[PDB]
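To start, I am sharing the structure in question, which I have written as structure tokens.
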Amino acid sequence: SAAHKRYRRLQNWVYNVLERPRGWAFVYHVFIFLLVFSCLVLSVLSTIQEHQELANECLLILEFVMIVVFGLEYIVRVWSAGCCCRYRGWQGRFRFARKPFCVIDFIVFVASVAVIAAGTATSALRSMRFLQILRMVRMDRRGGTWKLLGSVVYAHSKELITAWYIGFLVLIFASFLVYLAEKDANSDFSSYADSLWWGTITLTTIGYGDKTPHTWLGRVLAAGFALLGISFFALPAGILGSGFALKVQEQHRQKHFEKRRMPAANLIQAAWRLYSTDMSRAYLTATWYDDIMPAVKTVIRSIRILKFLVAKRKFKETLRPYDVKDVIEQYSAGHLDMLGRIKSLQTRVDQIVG
Amino acid sequence: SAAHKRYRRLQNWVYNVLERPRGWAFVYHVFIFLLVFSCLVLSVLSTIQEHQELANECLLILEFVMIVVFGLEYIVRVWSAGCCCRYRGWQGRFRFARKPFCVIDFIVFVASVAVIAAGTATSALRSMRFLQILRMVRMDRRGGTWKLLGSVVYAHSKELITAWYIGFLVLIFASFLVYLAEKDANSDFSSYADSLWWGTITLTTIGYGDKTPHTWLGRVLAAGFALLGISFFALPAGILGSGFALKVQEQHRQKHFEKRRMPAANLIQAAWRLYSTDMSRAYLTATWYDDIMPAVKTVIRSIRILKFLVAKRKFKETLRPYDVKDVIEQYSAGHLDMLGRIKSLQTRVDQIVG
Amino acid sequence: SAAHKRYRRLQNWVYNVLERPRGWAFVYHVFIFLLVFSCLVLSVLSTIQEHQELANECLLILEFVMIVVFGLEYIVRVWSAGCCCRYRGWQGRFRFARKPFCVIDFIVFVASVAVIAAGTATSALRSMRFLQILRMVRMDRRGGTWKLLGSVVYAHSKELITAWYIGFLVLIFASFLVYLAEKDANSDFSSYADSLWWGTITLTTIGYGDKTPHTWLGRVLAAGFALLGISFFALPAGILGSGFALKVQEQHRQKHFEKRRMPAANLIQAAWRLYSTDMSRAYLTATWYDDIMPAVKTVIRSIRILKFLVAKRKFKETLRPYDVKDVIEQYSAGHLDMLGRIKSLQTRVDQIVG
Amino acid sequence: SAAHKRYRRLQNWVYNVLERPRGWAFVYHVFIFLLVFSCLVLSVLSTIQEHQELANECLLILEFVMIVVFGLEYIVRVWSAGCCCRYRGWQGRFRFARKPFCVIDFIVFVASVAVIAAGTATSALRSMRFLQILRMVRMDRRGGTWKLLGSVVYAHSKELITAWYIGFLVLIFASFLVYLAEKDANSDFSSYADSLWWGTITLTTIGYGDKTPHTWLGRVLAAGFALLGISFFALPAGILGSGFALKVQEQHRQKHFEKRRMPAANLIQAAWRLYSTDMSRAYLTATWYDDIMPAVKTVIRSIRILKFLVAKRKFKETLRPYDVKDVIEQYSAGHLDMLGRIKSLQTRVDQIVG
Amino acid sequence: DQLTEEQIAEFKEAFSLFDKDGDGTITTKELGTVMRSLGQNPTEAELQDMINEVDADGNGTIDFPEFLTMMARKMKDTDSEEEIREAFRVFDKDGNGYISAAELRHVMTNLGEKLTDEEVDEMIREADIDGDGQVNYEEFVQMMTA
Amino acid sequence: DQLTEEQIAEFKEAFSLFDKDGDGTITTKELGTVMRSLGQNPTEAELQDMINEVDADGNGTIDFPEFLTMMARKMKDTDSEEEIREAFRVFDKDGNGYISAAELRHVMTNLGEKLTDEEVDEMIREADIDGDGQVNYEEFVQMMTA
Amino acid sequence: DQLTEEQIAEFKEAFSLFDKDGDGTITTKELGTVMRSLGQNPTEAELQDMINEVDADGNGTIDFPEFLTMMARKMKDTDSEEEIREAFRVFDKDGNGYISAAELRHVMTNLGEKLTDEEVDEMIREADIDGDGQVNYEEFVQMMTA
Amino acid sequence: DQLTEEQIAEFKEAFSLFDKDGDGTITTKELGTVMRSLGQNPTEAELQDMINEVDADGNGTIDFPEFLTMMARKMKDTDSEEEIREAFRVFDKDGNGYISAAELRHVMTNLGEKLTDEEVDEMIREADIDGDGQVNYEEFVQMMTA
């Protein structure tokens, strides 16, 4: 089946460049991202009035190329799925298409083609261009980004809440005080809501210039409350940044340990030894040919199953992290073993000589 | 008292969801915050002139619903307090209402109802709406946020002061220099105070656009001093952010150790053993029936009191953190014990054989 | 000299509150800062034209109070210096005034009084008000702030330089590209220097609004280069912030160790033992009354001097930090001592029994 | 060759100040950078129209001085290269000029001189002034800055991508929502592209003031989405800052260990011992005078080559970092050696007495 | 519960069993001797810790005023009630002031100076256990502090 | 593969070799005794780990329902297929689901409870090795989980 | 306090008790021999540390110029005054230049090479103790550096 | 310096002193036996390290092609020149390519497999020392790599 070898190898290669790429494989993914983003920008610029014509000109060609490329890639991937054994035969292929994101892609492609066909409610067919962004959201395998952000936010919830709370209080207070001062001279601060708009647009450091204090009392108050609260409104970024950096460093610290090792290697061995109980040449002898005392081989198999289950557990446990108190534990084990050794010397000296 | 069982269990459940709720219980707390925040925003928008009518329209209904819900919750909580034994009978209930925040809530509720009743100095009755924000400040149990912020600020005081000091100096200097350059050409920089206003609004990165340099000398000076001092005016946020992140990580480090353990478990045991001295079946025998030599049992009790006091101390101590020099201490203990063991061998060999 | 006791105790107390304030002593220092700062703000506001009158009104009174208070404090401090033995008698007092900052203060005070007296070149007498800021710079004992900032900047020099370099390059490039696009349509971008001004005022996130791109090509280019380079222009703050936080934490880590201890205590003992060689009752006996063999006592003193010098060195060294490799060193010492102990057993067994 | 000594020493000194400056050597380097910067700024200001004359006035003199100084320095450096043995004689000199940056400098200098000569397409001769910036880019020996930035960016790629992704999503959404609200009342938000421009210029915190929301619904939406997304658009700076700081600290941690040591010292010794096999007085004896049994000395040399190769490897390995698990490894070695020692005692006691 | 004079005399008679010499003090010798006569075996470091809990003079002794204070107080003080309640809360993850009968049994017989089965049986009998099997330990703490 | 009644009786006969007394349980004594009779030498801690993998009652025994469940299941469960596949993936750096025959041989004979040469020879013979010398281990995992 | 020639001769006579052979040097042998004759028992490492404090040549000896310098200087140098004052400041938390008589007594008799009761009694007698019981240690340092 | 055939034959004759049996290989036995005959005392781990530096087959032997390569190359390769120069640079803090004669002497006789005085005397004689006493070690490295 040599040619079958080459077929399967190629299949696996393409499936790898699609499902999970490394090195040069990521180059194809970058090209796909550039295509979607260019389509998006062209659509946005099409929204303008002065540039509608050239925008639609370029958009027609780009959208056609996009539809063709993505249809082709969908077909090629659903085929390449053949490598893994799970999805073999049309049975397995259909099982594959049951995936959520695969059906999402097929829907998006069919919809794009239907739009272009209807091209020959035009405004709705336009608005439906925003769907492309799904081809970007899909790159996030299992919402990894959302999960990471959520974890890091939850871990620091206390500090974030403190920052937001104190900042909100300072904002209320400073807005009120400045409003009191500029109420009459300046027309911007007509009402309290205006003062609040000013306070937000200042403390955040956006600073439109819409409203600014005109009277010197207002200016001194604003300078003070700014140099006091601007730091509060900028904490969340700093807190989350340090959180992310520390998490990355600490993780990269766990990888250096390489603690899991030995358990994965032993599991394959216990599984092979159990499996080979029922097919090894070691059991194809006149001695083992089962007729007089079947239980002996069954008992031997039962022992290998128990050892397999011990190895599977030890293997799953390796994933869990380990503390730095192991050194104390090895000293405890080492001291105890040695103290017991001196006792065994002492008892033998006391036995012979007394 | 089975029904009494169910009563007490329900009471404890509600008191838990109100007093110190966790997990899914927080859903009720989030709903109360949304109701208060909506009331606040409606009031603010009522301040505007063009929207006064619809604002008051919605505010009437919202304020009524708010008064009813908060009165009901107050009554339900002051009842639910019954679970804990401290506040039993009207005696204990009143003892409960003595709390500061409970009386604060009762005052706020009575005041809101009085305002609505007077609805049928209208401007003062309006202004008194800001009181609602107390229902938000109360969520902070024992000013936790303020205390956390204060601790972290105090720990870093030196760096914060350095940043503010150097930044203030750079501001003074750059303002003076730019004023010197734009004094005549540009009308904005009429006086030194104007140049200072510009300098603050510039270095903080707010940038209203009120005043900007017009002459190229001023523009070069501003570019230089900006790309020099903008970093100074943004340090406090970075310093405090890293401080918070490091503190959180280091704390989360202590939890993994789980050092306190054993002391809490032993304290309950020493307390039970002391208590049972005066009621255990172990002392209800003819032997213990006290008439001839009362002191024997008293001496036994005195020993259990001393052990209880040792266990209470060891329990309180566990809360205190421990250093990483324990490994050196265990080696010192282990080496000393082993070196003493070889001496005891040496002395016995020298005793028998000599 | 009981009254002399009370005199000296009071003297030391005031000298402590002035030279080394701690706890409640800092309250007096905060009040002085409030006075100097109020004088400064009043002067600045005096610079304005519309407020000159009231400004000078308040400034007269404030400046008079300032001169009186600071003269009084100077006299009181130069007196209180009497506590320490270094500055006793007018000899020591003058030695005290030789300090740099003390002479600086005396100069500032004499100058302020001369200005007020001349009040009865008025513009120069005005301008000389800025001298007050020296009373703020003096609070920094030995330029601690500058030294801290310099240390932390030097330690990270590489990253800071990288950030500034890459940011400058991105600025040059983006300015050029946007200028190319807006050259004709928009009048702001008349020349390259204008485009550079825009680029700085944008990438720094100041954003005056002076010049903004008008043509859509310019707007897309600006959006891209902003969302690319704004992070570069904001790194220094983040880098320095994390540096300060980490340094503080690590220092606070050294304090827990308390390693120096024992050396300081032993130094005082070796010094007392050496000193007492020449005055102790232990040497005032017929035996020691020196006439026949003077060298014996001299030799005993020479030994105490050598031990004093060993203790002074061990004491000075304690200040130096120690590595975490000490545990390996104690194991090396412990193992070697134990391995030598088993050898001494082995040799004795081989000696007696052979 | 004493004078030759002085010649070579001077040569090495200048080559060190130019090629590898350290300490006070950097003073010359700062002057060269300051002169290059002065030329750039003058050119830029020459771009303006109102200042063209004085700009060219100063530029002529500065450019002439620049050409002379850089030509002189080039000649002096290409000469000073003589110190190192690699480039001796004109052969070695030319080998030196083969370097990339050296030829780059020579090209820039020849081009500058050709421009000034043509001074006596003037616009192209102008535009060619930007070449000077190469004299700044050259200071980066082997693109150290780019490599550092790339390493730190790659290590954190996941967090950066998460921040950019979530920020982009929030931007799209908030822009759409605000556009919906201001579509009619305000003229700025004419089309969707305008709303996107506003969204970027706000969330980045630039805040030109070009377009701002006018209707209160738009203002509330903008306040919310700002206080939500401004932190997202500011993460990259915080993440990269903490990354740089942590990397610097951890590196500075490796230097304290000083682990490499001993290997470099032993390598020189094994190399000297191998080299001296063929020239030492130890082999210039009648015994070694090779004629009868040449292989004996060859075998001795072969052993020294093998030891040299072991020492070279151990030396190269020292550069690699080492883990903190060495303490466990020394305990394992120490325990095993001691446990084997007690066994050797036990066997001898059992041998003699039995 | 004012301390009466007859109660003081009964404490004095117990104190005199330790201080048989009439010296007015209890050292580790007197304390440990009475304890071992009853079949207890404290270590020297345990006898020092016990005396140190009530020795204000810091000279390694217990005098009668210190003995009387300890005996009059037992566990009735507020510090004892709070710390015992804090110890239960270590094992109350819900934070509702409850602990399971089976969880109390595990902690009492498996951690620390483990209770025997009969000791822990008496302890669970004495707590008014609910029908579910959950123990309200804060009312258990008040019964030991009453 | 419905478990039949004759299959249950054959498991019962094996179970009775361990539990020769008819007590309905297998302890470390019964398990370790049968194992050492075959020339195996488990430690006590290894016998406890083995029993603990199937002892739901936590009393240190295996009863027949637990024995039958283990024997009926072998490695056919989805947890076994996933964990075995995760173990191979430790040694698949490419992430393509392949491992070299020579790399499999190194890991099997040099790590853990090393396979003998003959064991590992049979293992590489049983995997349908490609002509390059690369093994698709996920189909190797399904053959052991079938 | 110019060093006089008779003072130099008295130092020379002490130096010659160590260097009895007239070799012009003091090694650990000569130093330690004189010390043990007086009933002291330094270790070898303590004798090396002592010689190393004044051995500029680094060859493990003290010569007469080094001996004379040490004897002429005693503790009068500014380095000694500063370091001794820094040692007291370790135990001055207030920062006011004071230390309690009772705190000085605790540190002198409980840390380091503890002073005997009689030694520490003479030390507290020699400091002009204030009526409160507080010692100004900086004037105590000048009396030892005079 | 093309390797000639007579040079190859002289290497072969040295190789045959190790491999006296004519098996074409040098193991730790053959290498260590010749070394100890000359009075050297390598350890087993040192003999394994030496063979491993040139054993490409990884079977613990040196064959003649590997032996010839090592002998023809000595230290002339560019890797040797660079690493030796990097070792000197460890002790050149100035970065100027110089090291003091006295500093070279300290490192050679006090670190590592210390040179004897006579060895280090020959080494400093062979470097063309400057009149100051500073050694240009990069030309010292080229003399050992020539």
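Per-chain residue numbering starts at 1, and chain names A, B, C, D, E, F, G and H are given in the order in which the chains are listed.
The definition used in the following text is that contacts are C-beta pairs under 8 Å (C-beta built on N, C-alpha and C of every residue); 3 or more make two chains touch, one makes a residue touch a chain.
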{"item": "Labels of chains that are neighbours to chain D and to chain G", "value": "C"}
{"item": "Same-interface partner of A-C, chosen from the options B-D, A-B or A-D, over half of the pairs matching", "value": "B-D"}
{"item": "Between chain H and chain D, distance of the C-alpha-averaged centres to the nearest whole Å", "value": "34"}
{"item": "Chain A and chain H, separation of their C-alpha mean positions in angstrom", "value": "53"}
{"item": "Distance from chain G to chain B - Cα centre to Cα centre, in angstrom", "value": "54"}
{"item": "Distance between the centres, which are taken as Cα means, of chain D and chain B, whole angstrom", "value": "45"}
{"item": "Contacts with 2+ other chains: residues of chain B", "value": "45, 48, 193, 205-209, 216, 234, 237-238, 241-242, 245-246, 327, 331, 338, 342, 345, 349, 353"}
{"item": "Residue list for chain H, restricted to those that touch at least two other chains", "value": "none"}
{"item": "Residues on chain C engaged by chain D in the complex (per definition of touch)", "value": "155-156, 158-159, 161-162, 165-166, 172, 190-193, 196, 202, 205-209, 212, 216, 219, 223, 226-227, 230-231, 234-235, 237-239, 241-243, 246, 323, 327-328, 331-332, 335, 338-339, 342, 345-346, 349, 353"}
{"item": "Residue ranges of chain D in contact with chain B within the complex", "value": "41, 45, 48, 51, 205, 207, 209, 216, 220, 238, 241-242, 245"}
{"item": "Touch list for chain F against partner chain A, complex", "value": "10-11, 13-14, 16-18, 34-35, 38, 40, 46, 49-51, 53-54, 67, 70-71, 74-75, 79-80, 83-84, 86-88, 90-91, 94-98, 107-108, 111-115, 119, 122-123, 126, 130-131, 138-139, 142-144"}
{"item": "Residues of chain B touching chain E in the complex", "value": "2, 5, 9, 12-13, 16, 20, 22, 83-85, 260-276, 279-281, 294-296, 298-303, 305-310, 312-313, 315-316"}
{"item": "Interfacial residue positions of chain A with respect to chain D in the complex", "value": "44-45, 47-49, 133, 140, 145-146, 148-149, 193, 197, 200-201, 204-210, 233-234, 236-238, 240-242, 244-246, 248-249, 252, 256, 326-327, 330-331, 334, 337-338, 341-342, 345, 348-349, 352-353"}
